[PDB]
Amino acid sequence: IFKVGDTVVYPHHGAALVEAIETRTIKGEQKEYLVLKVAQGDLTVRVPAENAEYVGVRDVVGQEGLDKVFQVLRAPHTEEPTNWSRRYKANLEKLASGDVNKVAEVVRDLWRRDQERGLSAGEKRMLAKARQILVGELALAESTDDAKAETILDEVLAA
DNA sequence: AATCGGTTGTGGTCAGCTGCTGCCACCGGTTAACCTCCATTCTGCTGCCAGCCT
């Protein structure tokens, strides 16, 4: 499926350019690896081509995905558990899934709650992580000028 | 003429509570997928085991 030069999305790290395809040997068989150059912390990720779907690597979403995530990002009736730990584990396991809709849900919930009160060290760190990978995936989805994409996200969040 | 003590017109003044009105430290209680063991030398005492005695 994957080709050299494709821009795929890794689950917990956001965008990833597939820059080469290695052919390393483990247990005497040439399981080909693909190397991904993510840029969040400048790490090179190597995965087999077989377990790409098992680890859940995923192509970027289309314009139906864009209107779907904007539709879910502008939606009310988002009642949350009042317990701080329950809420934290809930949106952490939403963030770790790798779905654009779930990441947009986490950034809209924490954005409205930060606009309300301003939460915490851990939740501001989580909102920064989630919003930066959502901005990176959006800029990958439309080739649309990083930090101007941030202004786009701020505008569609503030509405 | 002064001279040792009062009276005080009047203008600041200066901190001493007094509310008072936030507001900010400080301390207690709560959170419910699941996962169960860290150098040498001298002196004295205390415990070890064989070895004669009834």
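So you know, we letter chains A, B, ... as the sequences are listed, proteins then strands, and number each from 1. Quick note: numbers below take in every heavy atom, side chains included, and nothing from hydrogens, waters or symmetry partners.
For B:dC49, the base adopts the anti conformation, since its glycosidic angle falls more than 90 degrees from zero. Taking the syn range as angles within 90° of 0, the glycosidic angle of B:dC42 is outside it, so the base is anti.
Atom-to-atom, OH of A:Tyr88 to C1' of B:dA33 comes out at 18 Å; the value is rounded to the nearest Å. Computed from coordinates, the A:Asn83 CG to B:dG29 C1' distance equals 14 Å when rounded to whole Å. Rounded to a whole Å, the CH2 atom of A:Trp84 is 17 Å from the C1' atom of B:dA32.
Using P as the reference atom, B:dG51 and B:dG47 are 23 Å apart when rounded to the nearest Å. Only the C1' atoms considered, B:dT8 is 16 Å distant from B:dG12, to the nearest whole Å.
If you take CG on A:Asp6 and CG on A:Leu36, they are separated by 10.5 Å, rounding to the nearest 0.5 Å.
Taking the ring axis of A:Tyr33 as reference, the NZ or CZ atom of A:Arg24 stays within 45° of it and closer than 6.0 Å to the ring centre.
Checking the phosphate oxygens (OP1, OP2) of B:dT31, no side-chain nitrogen or oxygen of A:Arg87 falls inside 4.0 Å.
Adjacent nucleotides B:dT36 and B:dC37 fail the stacking criterion: their six-membered base rings are not both under 5.5 Å apart at the centres and under 30° between the planes. Stacking of the bases of B:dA33 and B:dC34 is not indicated, since the six-membered rings fail the criterion of centres under 5.5 Å apart and planes under 30° apart.
Considering only heavy atoms from C-beta on, A:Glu80 stays 4.5 Å or farther from A:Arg113 through its side chain.
Evaluation of the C1'-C2'-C3'-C4' torsion of B:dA25 gives a negative value and hence a south sugar. On the basis of its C1'-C2'-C3'-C4' angle being positive, B:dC34 carries a north sugar.
The closest side-chain donor-acceptor pair between A:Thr25 and A:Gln30 falls under 3.5 angstrom.
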